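Enquirer: Pasting a structure here, questions to come.
Virtual Cβ from ideal backbone geometry, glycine too; neighbours counted across all protein chains shown. Nothing in this text is a laboratory measurement; each read-out follows from the coordinates by a stated rule.
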Amino acid sequence: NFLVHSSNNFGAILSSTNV
Amino acid sequence: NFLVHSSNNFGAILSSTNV
Amino acid sequence: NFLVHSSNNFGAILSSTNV
Amino acid sequence: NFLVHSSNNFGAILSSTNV
Amino acid sequence: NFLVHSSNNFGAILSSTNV
Amino acid sequence: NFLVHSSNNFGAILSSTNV
Amino acid sequence: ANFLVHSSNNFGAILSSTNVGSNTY
Amino acid sequence: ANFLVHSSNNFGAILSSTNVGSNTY
Amino acid sequence: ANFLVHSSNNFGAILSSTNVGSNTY
Amino acid sequence: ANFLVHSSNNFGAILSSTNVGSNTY
Amino acid sequence: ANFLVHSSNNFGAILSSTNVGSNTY
Amino acid sequence: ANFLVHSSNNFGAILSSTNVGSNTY
Amino acid sequence: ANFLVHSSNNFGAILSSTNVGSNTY
Amino acid sequence: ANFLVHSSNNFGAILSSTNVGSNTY
Amino acid sequence: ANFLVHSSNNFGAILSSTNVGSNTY
Amino acid sequence: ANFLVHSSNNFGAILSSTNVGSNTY
Amino acid sequence: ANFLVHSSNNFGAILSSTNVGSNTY
Amino acid sequence: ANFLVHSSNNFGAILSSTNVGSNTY
Amino acid sequence: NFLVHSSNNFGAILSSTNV
Amino acid sequence: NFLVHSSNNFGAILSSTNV
Amino acid sequence: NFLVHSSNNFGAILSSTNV
Amino acid sequence: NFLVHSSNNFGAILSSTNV
Amino acid sequence: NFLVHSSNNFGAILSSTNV
Amino acid sequence: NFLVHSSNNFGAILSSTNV
């Protein structure tokens, strides 16, 4: 599973999966 | 499992998985 | 498992896995 | 398991695993 | 297990595992 | 097990394992 | 919870050229 | 919890050229 | 918990050229 | 817990060229 | 717990060239 | 616990060239 | 007699204020 | 007689204020 | 007689203030 | 007679203030 | 008679203040 | 008669203050 | 006598008499 | 006598008499 | 007599008499 | 007599008489 | 007599008489 | 008599008489 959970985000959130 | 949990993020959060 | 848990992050958090 | 736990981070946290 | 636990971090914390 | 525990870190903490 | 926040995020190339002067008196 | 925060994040190349002068009196 | 924070994060190349002068009097 | 923090983080190459002068009087 | 902190972190190459002068009087 | 801290951390190459002078009077 | 002349004469007070910037990205 | 002349004459007070910057990225 | 001349004459007070910078990244 | 001349004459007080910097990365 | 001349004459007080720096990385 | 001359004449008080530095990394 | 004679004047010519 | 004679003047010529 | 004679003046010529 | 004679003046010529 | 004779002046010529 | 004779002057020539 790939899950991103964010609360009160004022910044930058970068999530990446490369095969 | 790949999980990112963030609260009150004002900075930069970079998460990456490369194969 | 790959887990990143962040609270009150004002800095930079870099997490990477390379194969 | 690979786990990163951060609280009140104002600095730089770099975590990497390379094979 | 690979675990990083940080509280009130204003400096730089670098953790790496290379094979 | 590989564990890093830091509290009130203003300096530099470098931990590395190389095989 | 009270939040007063000024936030700026940038992700693109920025080029700026400024010239001030070349006045003859 | 009270937060007053000024936050700036940059991720792109930035080029700046400034010239001030070349005035003849 | 009261937080007053000024935070700056940079991740891109920055080039700056500044020239001030070349005035004839 | 009261926090007053000025934080700066840099991760990119920075080039700066400054010239001040070349004035004729 | 009261914290007043000025923190600077650098991780990139920095080149700085400064010239001041070359004035004729 | 009261903390007043000025902290500087550096990890990158730094080159600095400074020239001051070459003035004719 | 051939004359090609650019001539500028000034006799009055001159005030100049210039602001360039204050851009948020 | 051939004359090619650039001439500038000044006799008055001159005040110049220049601000370049204050950009947030 | 051939004359090529660049001439500058100044007789008044000159005040110049320049600020370049104050950029947050 | 061939004359190529660059001439500068100054007779007034000159004040110059320059600030370059104060950038946070 | 061939003359190539660069001439500078100064007769007034000159004050110059230069500040370069105060950058946080 | 061929003359190539660079001439500088000064007759007034000159004050110069230069500061370069105060950078935190 | 007060006499000002000018030919091909591109500059500034200031003549004054004050008693 | 007060006489000012100028030819091909590109500069500044200031003549003054004060009593 | 007060006489000023100028030819091809590109500079500054200041003549003054004060009593 | 007060006489000023100038030819091809690119510099500064200051002549003054004060009593 | 007070006489100033100048030719091809690129410098500064200061002549003064004070009583 | 007070006489100043200058030719091809690139320097500074200061002549003064004070009583």
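Enquirer: Name every residue in chain D that is farther than 14 Å from B:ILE13 by Cβ and either hydroxyl-bearing (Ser, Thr, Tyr) or assigned to a strand (DSSP E or B) (or both), in order of residue number.
Expert: Residues satisfying the conditions are D:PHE2, D:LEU3, D:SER16, D:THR17, D:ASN18.
Enquirer: I'm trying to understand the selection: among the residues of region E:1-13, which are closer than 19 Å to F:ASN1 by Cβ and of a type outside the set (S, T, N, Q)?
Expert: E:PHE2, E:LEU3, E:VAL4, E:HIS5, E:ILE13
Enquirer: For residues in chain K being outside any strand (DSSP E or B) and within 9 Å of chain R (Cβ to nearest Cβ), which is farthest from Q:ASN23 (Cα to Cα)?
Expert: Checked chain K; the qualifying residue farthest from Q:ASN23 (Cα to Cα) is K:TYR25.
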